[PDB]
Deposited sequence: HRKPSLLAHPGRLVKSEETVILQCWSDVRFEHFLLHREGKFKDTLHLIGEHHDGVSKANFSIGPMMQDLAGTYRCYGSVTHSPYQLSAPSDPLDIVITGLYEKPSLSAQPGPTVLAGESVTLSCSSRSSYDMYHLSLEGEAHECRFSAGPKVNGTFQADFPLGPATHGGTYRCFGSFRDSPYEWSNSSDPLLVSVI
């Protein structure tokens, strides 16, 4: 049959020892759902399908978040169906937080270019920016050009090592970009 849809509540990034809900859903009334994860430890969970309010779903709960639960998740509806769009689930808060700074300034003028940069004293191999975006750290830092300003917001940032791309540092202090 057809591939289902897969999304996380409240999101993809999971604080250490907290929980998420990876929910599969479709309009096809599947009897069962399968959850498969690729990573350091591969598993396959299965649940019975719920049918109420115009959607066929199953709520997988991945609780006390540990490093063996981080990876890329796919989803199947029951022979099996086509695989759902992949989804990476990430552990945060295993390392000290980086610094997030704006090269021009946090408050800029419309049309001006702005550049954010994440830095730390640890040997992080790449950084991540949220409002997603990723670049390799070479004070190990990476620079993020955002172009001419339009609608600023709030940004956070994380660092990681290359042998474990699903294990992120703590979150940097949020920084607000105002475009007057």
task = Can you give me the gaps, meaning deposited-sequence stretches with no C-alpha coordinates, in sequence order?
result = 79-84, 138-142, 150-154
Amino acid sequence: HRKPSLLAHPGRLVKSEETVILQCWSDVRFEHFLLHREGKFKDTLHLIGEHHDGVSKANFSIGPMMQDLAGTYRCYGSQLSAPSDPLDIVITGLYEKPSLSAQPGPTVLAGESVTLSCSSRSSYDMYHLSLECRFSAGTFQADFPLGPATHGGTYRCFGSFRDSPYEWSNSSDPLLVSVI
From here on, numbers count along this sequence of modelled residues.
ask   = Between 143-151 and 41-49, which has the larger average Cα B-factor in the PDB entry?
value = 143-151
request  = Would you mind comparing 81-89 and 105-113 for me and telling me which has the higher average C-alpha temperature factor in the entry?
outcome  = 105-113
task = Using the entry's values, work out which of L131, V55, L69, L35 has the largest Cα B factor.
result = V55
ask   = In terms of the CA temperature factor given in the entry, to which third of its chain does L175 belong: lowest, middle or highest?
value = middle
request  = Sorting the chain's modelled residues by C-alpha B-factor, tell me whether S123 ends up in the lowest, middle or highest third.
outcome  = lowest
request  = Would you mind checking where the Cα B-factor of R12 ranks among the modelled residues of its chain, as the lowest, middle or highest third?
outcome  = lowest
